[PDB]
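The chain below stands alone and is given in structure tokens; this is the form solved without the named molecule.
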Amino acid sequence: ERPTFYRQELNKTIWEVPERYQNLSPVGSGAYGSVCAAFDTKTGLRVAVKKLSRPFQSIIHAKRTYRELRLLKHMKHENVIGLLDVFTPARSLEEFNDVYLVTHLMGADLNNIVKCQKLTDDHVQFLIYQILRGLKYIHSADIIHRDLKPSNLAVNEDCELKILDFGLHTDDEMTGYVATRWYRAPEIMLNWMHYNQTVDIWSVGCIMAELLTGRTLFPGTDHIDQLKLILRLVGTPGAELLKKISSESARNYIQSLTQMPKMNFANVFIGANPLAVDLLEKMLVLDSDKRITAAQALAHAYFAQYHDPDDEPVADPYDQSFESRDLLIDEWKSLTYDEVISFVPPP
């Protein structure tokens, strides 16, 4: 039956949540809503509670809301954020208008870790191993992160990690000297072609490089500057990659550039474990068809001390046919409502 809900104003909005959640405290906007840390008295867990703002304002928001809930209801892996609870104060479809998502709360993100701790190579191994283990699971359900960066990698005090914000920025956001663009595969930064899950491996390459050196790998001041930094390191594209760039416009620009050889990674990453250098070479490949995959990378010798092939699970089939569907707001809202009401807590 239905819990009792109580009301409070947080972030100049009214938050209405079940009594089990106490000591709500704002933690800083999340994807499509604001988030509060809270104490879940029922489980004894520190949780994060996201209130979607205007979930059913438009078709875009309504589909968006359904998308996020579906994604969260499906993911059940130690290295991927999952759904602890989802609720609405509404007693019926008619009054259903607010959606709250509850997940684990981690004490830091990877951006905090990289900024204020010294990471040994063993830390680099473990952290990257977990990101690759989570991505294998995500990629197996045909989900692409597309925006993997240190700020959406949550980490507990034991250095155990979860991936957030997969499967869901404007132009201004990607503009200038900004982390929102530093980890993006070039094919997506410059819209070269229909991209796919390989975009996430480039992002991992960029994060791993940064854990090893403490410094952003390609901190471009804009898209062009960033492309120049990238090509300086990995070489300009060859004939075969070029043909695959289906944007005639992008192909044309990139061919205007002076050809440059790929650099020696052992010279760029002095002191680094040679195995780490090898994996960076396999991840940081301009041609997405030729980058190592998450499943392949887990078997790389850099991860010998963590790799366990019987303990790197794939996901249950994820039906995302809804993605190609056009529906009205009320249709997306009712679909969402069914998913709220049919939620079953993890055990």
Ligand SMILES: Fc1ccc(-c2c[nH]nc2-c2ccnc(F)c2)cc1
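One-based numbering along the sequence shown. In this text, rigid core is short for the largest set of C-alphas that superpose within 1.5 Å between two forms. Residues that one form lacks are left out of the comparison.
Below, we turn to the form deposited with the named molecule bound, even though it does not appear here.
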query	finding
Accessibility of shown form to the named molecule in the deposited complex, site-C-alpha superposition, 2.4 Å backbone/C-beta rule	blocked
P186: touches the named molecule in the deposited complex, heavy atom cutoff 4.5 angstroms	yes
In the deposited complex, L286 touching the named molecule (heavy atom, 4.5 Å)	yes
Distance check, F87 to the named molecule in the deposited complex, heavy atom within 4.5 Å	no
Contact test in the deposited complex: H123 vs the named molecule, heavy atoms, 4.5 Å	no
Contact test, all of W192, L227 and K244, partner the named molecule in the deposited complex, heavy atom 4.5 Å	yes
Of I201, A276, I254, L127, the one that lies within 4.5 Å of the named molecule in the deposited complex (heavy atoms)	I254
Heavy atom within 4.5 Å of the named molecule in the deposited complex - residue from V268, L231, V114, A272	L231
Heavy atom contact within 4.5 Å of the named molecule in the deposited complex, the stretch among 115-123, 204-212, 87-95, 231-239	231-239
Comparing forms between this form and the one not shown after core superposition, the one residue of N267, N97, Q117, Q259 displaced by 2 Å or more at CA	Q117
Taking the rigid core as reference, consecutive runs of 3 or more residues that move 2 angstroms or more in Cα between this form and the one not shown	116-118, 245-248
